[PDB]
Amino acid sequence: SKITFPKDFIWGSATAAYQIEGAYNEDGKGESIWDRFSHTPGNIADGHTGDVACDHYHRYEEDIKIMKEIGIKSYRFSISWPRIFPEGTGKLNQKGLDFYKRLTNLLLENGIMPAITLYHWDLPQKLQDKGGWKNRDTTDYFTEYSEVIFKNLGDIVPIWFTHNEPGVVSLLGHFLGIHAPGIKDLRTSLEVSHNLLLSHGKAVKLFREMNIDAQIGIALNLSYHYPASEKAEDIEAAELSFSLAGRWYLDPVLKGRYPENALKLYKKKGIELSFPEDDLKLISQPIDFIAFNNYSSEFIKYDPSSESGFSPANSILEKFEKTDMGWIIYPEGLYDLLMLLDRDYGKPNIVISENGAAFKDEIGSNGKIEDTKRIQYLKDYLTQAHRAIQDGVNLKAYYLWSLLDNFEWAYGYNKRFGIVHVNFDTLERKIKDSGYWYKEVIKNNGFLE
Amino acid sequence: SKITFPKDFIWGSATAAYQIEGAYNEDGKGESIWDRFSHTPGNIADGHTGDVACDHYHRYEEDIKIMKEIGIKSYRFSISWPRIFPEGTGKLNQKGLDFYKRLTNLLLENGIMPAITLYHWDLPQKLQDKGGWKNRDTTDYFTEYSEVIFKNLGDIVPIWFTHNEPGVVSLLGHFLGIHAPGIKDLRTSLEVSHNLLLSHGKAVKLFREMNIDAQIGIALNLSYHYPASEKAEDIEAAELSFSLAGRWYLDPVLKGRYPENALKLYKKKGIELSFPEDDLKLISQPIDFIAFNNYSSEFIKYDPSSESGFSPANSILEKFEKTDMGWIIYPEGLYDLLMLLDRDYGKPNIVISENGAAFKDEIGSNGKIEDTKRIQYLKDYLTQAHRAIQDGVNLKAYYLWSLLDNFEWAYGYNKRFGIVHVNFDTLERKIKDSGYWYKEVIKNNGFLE
Amino acid sequence: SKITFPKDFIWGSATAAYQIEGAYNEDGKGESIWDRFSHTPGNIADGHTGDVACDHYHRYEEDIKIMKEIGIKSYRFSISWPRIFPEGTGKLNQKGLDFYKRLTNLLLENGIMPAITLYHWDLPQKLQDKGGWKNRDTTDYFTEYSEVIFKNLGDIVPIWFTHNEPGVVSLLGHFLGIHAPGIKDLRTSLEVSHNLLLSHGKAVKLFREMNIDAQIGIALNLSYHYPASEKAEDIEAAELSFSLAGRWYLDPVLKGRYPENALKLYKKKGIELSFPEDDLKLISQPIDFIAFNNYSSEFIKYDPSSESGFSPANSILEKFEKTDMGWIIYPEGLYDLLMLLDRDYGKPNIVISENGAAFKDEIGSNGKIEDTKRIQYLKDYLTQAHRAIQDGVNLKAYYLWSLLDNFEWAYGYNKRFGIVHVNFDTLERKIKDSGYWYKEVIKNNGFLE
């Protein structure tokens with residue numbers, strides 16, 4: 001059975017700014033919460049940092065030439081706020097604008113259609129010294145930086161993302177404090193979640209005021225949450241998860257409300273707080289698509305142990321092949337999700353801002369990366385992507401995470417999601433066999449599963 | 001159920017220069033490694049040689065008249081390098097050119113399509129004195145002789161083969177040393193395999209630089225390698241075999257890379273070689289088809305005893321009828337191979353440079369060979385050839401090995417692949433019944449399945 | 001469908017002086033470069049010469065009686081410079097003048113229209129001792145001889161040709177050295193090409209200073225150069241071939257410029273030569289018509305191996321019937337050329353100085369030469385001649401090469417383009433069937449093709 005995707009279907013690959021760019025203190029770039037977090041012992045694996053990374057800042061001409069060689073139809077990347085405003089607000093750094101202006105114009109002049117993320121986690125460290133995303137002011141400053149990007153790059157860039165995975169930023173960065181800025185307080189973690197969504201709402205409102213001829217959305221971290229058993233306690237436990245996890249950012253943006261079952265679990269721990277009703281009509285602001293990042297699926301059971309009244313199902317999960325991250329492989333999890341976004345939220349336009357997988361890569365005696373397990377992973381998940389489009393989903397785009405091997409945050413460089421291998425000593429690219437596979441999949445517009 | 005091949009399908013028969021020509025020291029031909037290897041006790045069966053053979057050099061008119069009487073659409077032959085350059089390089093022997101010029105023009109005039117091989121194992125003995133294929137300089141000499149052939153002939157010959165079975169040359173000739181030039185060292189055997197493939201690359205690059213309106217490829221020794229059992233050690237033992245054997249030459253030509261699983265086996269015996277990266281892009285040089293030479297199939301099991309890590313599954317192979325070479329008959333092993341070349345390597349144009357079988361032939365009291373087994377072998381393998389075309393395979397040509405009975409190398413004249421019987425005392429031709437069969441098969445363009 | 005040429009259409013046949021006249025040292029005739037070149041071993045086939053040839057010098061009465069028997073309306077012939085000036089310049093040989101004066105008057109009196117060529121290769125050997133056409137002084141001496149011919153024969157001869165095929169003279173005579181005077185140097189070969197065209201100019205300029213009541217032109221060797229494939233490299237290769245060949249003479253004479261794409265090729269080998277600007281205005285001197293000599297057509301492919309950048313497409317040429325010369329038969333390849341001259345040079349008056357073919361002629365048991373193939377060749381090329389006139393071409397004349405069998409330069413007498421057979425032992429004329437055919441074609445003014 002040979003699969004073929006819609007003829008208008010856009011194939012793309014994705015990266016982030018901090019994860020590839022490097023040049024962490026060059027051309028008047030201000031310090032980011034990640035520059036700061038990375039420089040401190042106990043935060044990044046093996047004391048790795050971004051500082052250099054793939055050095056995409058300097059070697060972008062080489063990277064485009066590879067992007068075109070594979071012939072992606074869209075490159076999704078992130079703009080460094082701290083290159084644009086080193087102090088978050090005030091003095092414009094024209095050097096930083098000119099980089100991204102140039103980069104975009106090299107994409108448009110090659111085959112490639114730009115896709116800009118506006119915040120991929122690199123908040124200027126200055127605004128973090130005045131509270132960061134806890135300080136509501138930051139939500140205005142985000143809009144100021146958004147404004148400058150739209151004036152320059154507004155209508156020549158077709159697809160826009162406001163945020164990347166605000167679910168992680170709040171959870172990992174502001175409660176568990178294993179991501180930047182390293183804060184560990186539950187109340188703060190919820191105040192940020194809001195402040196992030198609000199900032200999305202302000203950017204979309206400003207996007208419309210300026211009337212940019214392009215499409216804007218938001219890139220959310222999203223998995224499916226299956227119950228351990230088909231039983232009343234386990235079906236409910238799973239609904240409550242998803243609601244703490246993804247729905248906490250899906251329902252405000254698409255339904256203008258926060259999930260009730262989750263809000264009830266906050267208040268049962270002695271926390272409420274009055275969201276101004278007007279904010280969530282600013283969040284809900286109509287958007288041209290929902291984007292999301294998927295990799296794996298969660299299997300939740302009921303658990304009166306754990307302060308959330310639920311836990312992972314350990315050994316249902318210990319029946320799947322696992323990626324190098326320890327995340328299960330389950331391709332049909334992507335279908336069900338796409339159907340869950342379709343059914344709930346009113347058959348929206350869907351984009352995949354990120355899908356991919358991290359396996360232990362080697363350069364063999366033949367000087368090549370034969371990553372059959374990444375290719376296997378890919379085609380498996382892309383068969384369930386297609387299967388959803390056939391059963392009626394409006395999935396317009398797929399972006400493969402990631403184009404280059406990059407800085408995987410608290411895991412350092414120890415994990416590779418790249419098609420295109422990168423040696424972090426020499427900065428030499430070696431397109432992976434998953435790369436060459438993807439090239440053909442774009443060209444044929446599909447593959448025989 | 002009656003089978004018919006595509007209307008553009010080219011039926012042919014094959015021979016080699018040293019195996020049929022004779023005249024081993026006439027009209028200024030230089031000595032070859034095979035001349036040299038034949039003249040030494042212990043190397044050939046019964047102290048046979050290729051001094052005279054079928055004496056095609058003098059009796060080529062007779063053979064053409066026979067070729068046309070059967071009505072082959074293409075005659076695949078080889079050019080003796082030592083007739084063109086007795087010293088390998090330098091002084092052109094015009095007598096040798098004129099022979100092959102004359103031959104080709106008698107083919108074109110008799111409505112038979114020429115198909116030349118440029119190297120069919122007869123390396124000038126002088127270049128073997130300066131190392132042979134181990135000395136990289138040979139690869140440049142091979143391009144000089146290739147240049148002279150293309151400048152003459154060239155346009156007027158549609159099908160070109162750079163090499164014949166460089167898998168055998170390097171394995172049998174340079175490691176097991178049972179073929180010429182009778183060398184026995186593993187390291188050399190791999191340095192020759194590379195130097196051969198390089199020389200193919202350099203001939204295709206020069207073939208394009210001269211812009212010859214004709215199609216070039218390489219004739220590789222290929223079988224299918226089936227596992228003994230559907231078990232993880234046996235499947236993997238059979239995938240190592242194909243790499244060391246056929247895939248060692250397929251992958252560098254069509255994928256620009258050496259097989260890993262093989263390269264790992266060679267480093268596990270303390271042998272690594274840094275193939276210059278620019279050689280592999282020269283070897284990978286696009287070609288118009290892939291040609292191969294099949295007879296049988298292999299059935300490999302896992303074997304820690306054999307320092308290879310595998311061995312033949314004799315238990316299984318002793319269930320088939322076997323040719324006069326102890327090689328199994330298995331017709332469906334040709335199909336699965338054609339599908340394997342189709343599946344991998346991207347549905348290329350496929351040619352069969354050689355297929356056939358060696359059975360014991362007698363001339364009966366009726367003065368006729370009646371080799372029903374050869375005919376039964378032929379039609380059994382051709383039914384699978386046809387099956388593959390119907391299931392989508394781009395198999396453009398079939399070349400029957402061999403037109404004449406000839407010098408089967410280390411076996412001497414003791415093995416007959418003919419379709420035309422040759423008495424090596426008198427040099428009389430008697431067309432076999434396999435011959436007469438083939439005549440009809442070409443006329444009808446098929447036979448009953 | 002019966003084809004009929006314009007009522008004013010002048011049917012003719014052509015010969016050259018050295019090829020038919022003989023009497024190579026009679027009545028004070030100076031030695032020519034062809035006398036000289038012919039007397040040296042290795043130059044002419046079988047050691048032939050033009051010492052005797054057809055012996056037209058004595059037997060012209062017989063030849064005119066034949067010309068009128070067939071009833072040609074014009075006879076194109078050449079004047080031997082050495083018969084007029086044995087030493088190129090100085091002392092007039094009145095005997096030579098009186099021959100041609102007598103000849104022309106016997107043609108006018110037998111109702112045949114003269115057509116004189118002034119140089120058909122027989123440069124006095126004395127001028128070849130002072131450098132020949134490489135010495136620019138020759139271009140002045142040519143004008144002296146041109147002056148004496150015009151004084152005597154000016155008015156009474158309607159059609160004048162300054163030169164025959166300067167293309168061949170320079171290329172074959174002065175670069176390849178297989179024609180007289182046998183020189184082999186590229187630089188010299190171009191210096192002569194210019195000097196030849198200059199002399200043509202000087203002769204027209206003098207022809208107009210005296211206002212001779214007759215039409216002058218130049219006879220150029222011209223084929224059509226088709227590209228091997230409708231591809232950018234092969235179209236461009238063909239344009240460069242025609243440029244080196246014919247266009248090198250067409251453009252100077254009709255456009256007052258040398259072809260650029262050719263001149264570039266010469267400078268890329270490190271050869272530029274400063275043509276004085278005034279010479280090219282003198283060359284361009286308006287002319288009444290352009291005459292050319294066609295037999296075959298070329299099929300050129302792209303070839304970086306040939307330092308020219310192209311080569312013959314043998315793969316294509318080996319699909320045509322070939323003359324006894326080896327040249328292809330391709331009738332339409334006249335049509336296309338007549339259109340090319342018509343398009344690219346401002347619909348000029350066009351003559352055909354020469355067309356015809358060489359096939360192996362026998363005198364049968366009936367004492368007749370039934371050369372059906374030459375008659376086929378003729379009527380095939382004349383149908384396309386007609387076709388072009390219908391589609392608007394100003395083709396005024398057709399001259400059949402050749403009236404007699406004659407001395408075909410380096411080929412000797414081994415090639416017969418006659419419509420009158422000549423036994424070169426006895427000098428007996430036997431009008432060929434092609435001769436009898438032409439006679440009816442002149443009468444009917446056409447034929448049912």
# chains A, B, ... in the order shown; residues from 1 in each chain; ligands from 1
>>> residues_around(residues="residue 39 of chain C", least_positions_apart="6", cutoff="10 Å", atoms="only C-alpha atoms", output="list in words")
residues 47, 48, 49, 50 and 51 of chain C
>>> closest_atom_pairs(of="chain C", to="chain B", cutoff="12 Å", atoms="only C-alpha atoms", output="JSON lines")
{"residue": "C:228", "atom": "CA", "partner": "B:213", "partner_atom": "CA", "distance": 9.3}
{"residue": "C:229", "atom": "CA", "partner": "B:213", "partner_atom": "CA", "distance": 10.2}
{"residue": "C:233", "atom": "CA", "partner": "B:211", "partner_atom": "CA", "distance": 10.8}
{"residue": "C:234", "atom": "CA", "partner": "B:211", "partner_atom": "CA", "distance": 10.5}
{"residue": "C:300", "atom": "CA", "partner": "B:211", "partner_atom": "CA", "distance": 11.7}
{"residue": "C:301", "atom": "CA", "partner": "B:211", "partner_atom": "CA", "distance": 8.1}
{"residue": "C:302", "atom": "CA", "partner": "B:211", "partner_atom": "CA", "distance": 6.9}
{"residue": "C:303", "atom": "CA", "partner": "B:210", "partner_atom": "CA", "distance": 5.5}
{"residue": "C:304", "atom": "CA", "partner": "B:209", "partner_atom": "CA", "distance": 5.8}
{"residue": "C:305", "atom": "CA", "partner": "B:210", "partner_atom": "CA", "distance": 5.0}
{"residue": "C:306", "atom": "CA", "partner": "B:210", "partner_atom": "CA", "distance": 7.8}
{"residue": "C:307", "atom": "CA", "partner": "B:210", "partner_atom": "CA", "distance": 10.9}
{"residue": "C:309", "atom": "CA", "partner": "B:210", "partner_atom": "CA", "distance": 9.8}
{"residue": "C:310", "atom": "CA", "partner": "B:210", "partner_atom": "CA", "distance": 9.2}
{"residue": "C:311", "atom": "CA", "partner": "B:210", "partner_atom": "CA", "distance": 9.2}
{"residue": "C:312", "atom": "CA", "partner": "B:155", "partner_atom": "CA", "distance": 9.9}
{"residue": "C:313", "atom": "CA", "partner": "B:155", "partner_atom": "CA", "distance": 7.6}
{"residue": "C:314", "atom": "CA", "partner": "B:155", "partner_atom": "CA", "distance": 6.2}
{"residue": "C:315", "atom": "CA", "partner": "B:155", "partner_atom": "CA", "distance": 4.9}
{"residue": "C:316", "atom": "CA", "partner": "B:155", "partner_atom": "CA", "distance": 8.8}
{"residue": "C:317", "atom": "CA", "partner": "B:156", "partner_atom": "CA", "distance": 10.0}
{"residue": "C:318", "atom": "CA", "partner": "B:156", "partner_atom": "CA", "distance": 8.0}
{"residue": "C:319", "atom": "CA", "partner": "B:156", "partner_atom": "CA", "distance": 10.7}
>>> closest_residue(among="A:243, A:365, A:223, A:43", to="residue 333 of chain A", atoms="only C-alpha atoms")
A:223
>>> select_by_dssp(residues="segment 25-170 of chain A", states="strand (DSSP E or B)", output="MDAnalysis selection string")
chainID A and resid 32 74:78 113:119 124 159:164
>>> closest_residue(among="C:438, C:398, C:409, C:175", to="residue 18 of chain C", atoms="only C-alpha atoms")
C:409
>>> closest_residue(among="B:140, B:64, B:42, B:122", to="residue 105 of chain B", atoms="only C-alpha atoms")
B:64
